[PDB]
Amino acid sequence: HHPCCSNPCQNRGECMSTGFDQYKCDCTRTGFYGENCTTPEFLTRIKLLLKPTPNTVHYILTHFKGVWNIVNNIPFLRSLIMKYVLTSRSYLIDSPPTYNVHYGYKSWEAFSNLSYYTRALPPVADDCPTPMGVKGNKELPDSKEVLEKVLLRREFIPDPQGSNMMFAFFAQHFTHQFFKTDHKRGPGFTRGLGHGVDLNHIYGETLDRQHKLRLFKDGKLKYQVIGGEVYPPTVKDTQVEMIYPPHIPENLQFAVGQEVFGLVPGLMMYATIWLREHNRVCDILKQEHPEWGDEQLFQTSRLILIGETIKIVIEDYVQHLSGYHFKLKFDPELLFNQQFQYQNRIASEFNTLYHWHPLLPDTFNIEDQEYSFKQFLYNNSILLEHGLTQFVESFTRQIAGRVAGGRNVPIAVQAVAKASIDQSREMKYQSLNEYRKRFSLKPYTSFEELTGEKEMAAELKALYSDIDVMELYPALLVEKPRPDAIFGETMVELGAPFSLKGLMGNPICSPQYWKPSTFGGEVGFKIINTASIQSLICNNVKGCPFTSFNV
């Protein structure tokens, strides 16, 4: 079998076979040397001595509110700290990208073929003696047994960080522009060839789709007006393909950039809000530029909404998730004197870790109604009946579920949780602890250390036998949360590098794009740099209801 099956090289050293039964580790620029890249250079020894653990840094960031209150109000200091957050996180991501599901060695095919998700760790080779390499049993435990014993919800567990359904549906809407698995090809393939925040879930992945969604007047997107309210246009009107069951009324087959967004009314809620936002920005640019044509109005509005998106994701969405007293900043200028690649490739493991289905409540509570999953799915009538204003008021008030901590996946989506496990295995993912090492975390030494409790830990012990073959996805959902937090350590320390790299890697953040003229002047630039989740709702939802990502 492959000599690298045991994953011998440490500290991001790379393993290469050098014969049928021999390997060599390439320790180049790891800060380590020796056969397995485990002997630290002098400087590396010193660095390791002084480095705080993630849990220590997390502590500091979530305490001393009074100090952070001062720090937040000193621009130079706030910039310094945000610059360090961006650079230190982004360093953990290979860019240009390297591995994918078919290539555990660098190749021009892996580099150039955008239909692959990339891989933060290479796949376990096909001929390895066990699923995780050489450790553990010949087969992993039955994925249904793992699902049922430690993932499925008994009683709803609320997010102690107070995340609401505005947050949950924003997470789903936002991420599904770059998590778009090409199931015809397999789980390691994506249909999101822009590999990031290009707003294809509003505008369409292809030019043909985009042009069917556009009005071709004033830069705007097509729309319909039902009961005096602006909604996306229909499938029949646009000839845009959408996923809908056969029984859906013609005028409820809303057509939007992302074909799956008819799945759930919470998605259609944001699709509608962003469509309105695009057309609003068109109106503003037309006022500013009476001389501009439709094409420039459309393109410049798209750039502005991309900037708005990144602004809101950092300063509202990630701010909320972080739990930090430090005030995050969206500021491309922070990187202009740093080394940083303005490109990104979406990682399979980023997709996996973002399967946050424990957020979902047992019912969807709008106004006085409590809808079941069966009532809520593919049902845009609910959106039309209550209206956007009521959707926002209700979802702002409704608490979402905790993601880490175990046993909180709604049984309505149990098949999704099982697929995340089955597809992880199909893509030959390395183990939880290999991923922890990859992101500078200490391997867990027991199941009880992983969960912080005894009962799930024992079920896991019996299923997996060795902590070193525990799987990434179920680990994320059973991991001991930070104190009163929605996530455990592995979720944040993997998620944050992927997230921030992906956000700042966008070309609009590069120096030649990050200028007023890119966005039609100071007016368009300011739309980006003053965007918030509250302003997005205030500008585009009748009555300007209050909103927030927390209850």
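So that there is no doubt, residue numbering starts at 1 and follows the sequence shown. Take the two forms, superpose them, and find the largest set of C-alpha atoms that agree within 1.5 Å; that set is the rigid core.
S.K.: Between 86 to 94 and 138 to 146, report the one with more C-alpha displacement in 6 other deposited structures of this protein relative to this form after a rigid core superposition.
M.R.: More C-alpha displacement in 6 other deposited structures of this protein shows up in 86 to 94.
S.K.: Which is higher on average in the deposited entry, the C-alpha temperature factors of 357 to 365 or of 461 to 469?
M.R.: Stretch with the higher mean C-alpha B-factor: 461 to 469.
S.K.: For the C-alpha atoms alone, is the average B factor greater in 270 to 278 or in 379 to 387, going by the entry?
M.R.: The stretch with the larger average C-alpha B-factor is 379 to 387.
S.K.: If I read the C-alpha B-factors straight from the PDB entry, which of 332, 232, 307, 186 is highest?
M.R.: Going by the entry's C-alpha B-factors, 186 comes out highest.
S.K.: Say you rank 291, 434, 294, 316 by Cα B-factor from the PDB entry; which sits at the top?
M.R.: The listed residue with the largest C-alpha B-factor is 291.
S.K.: Where does the C-alpha B-factor of residue 171 rank in its chain, lowest, middle or highest third?
M.R.: It belongs to the lowest third of the chain when residues are ordered by C-alpha B-factor.
S.K.: Going by the recorded CA B-factors, say which third of the chain residue 508 sits in, lowest, middle or highest.
M.R.: Lowest third of the chain for residue 508's C-alpha B-factor.
S.K.: Based on the deposited C-alpha B factors for this chain, I'd like to know if residue 80 is in the lowest, middle or highest third.
M.R.: It falls in the top third of the chain.
S.K.: Could you tell me which third, lowest, middle or highest, the C-alpha B-factor of residue 196 occupies within its chain?
M.R.: According to the entry, residue 196 has a C-alpha B-factor in the chain's lowest third.
S.K.: Lowest, middle or highest third of the chain for the C-alpha temperature factor of residue 521?
M.R.: Within its chain, residue 521 is a middle-third residue by C-alpha B-factor, going by the deposited values.
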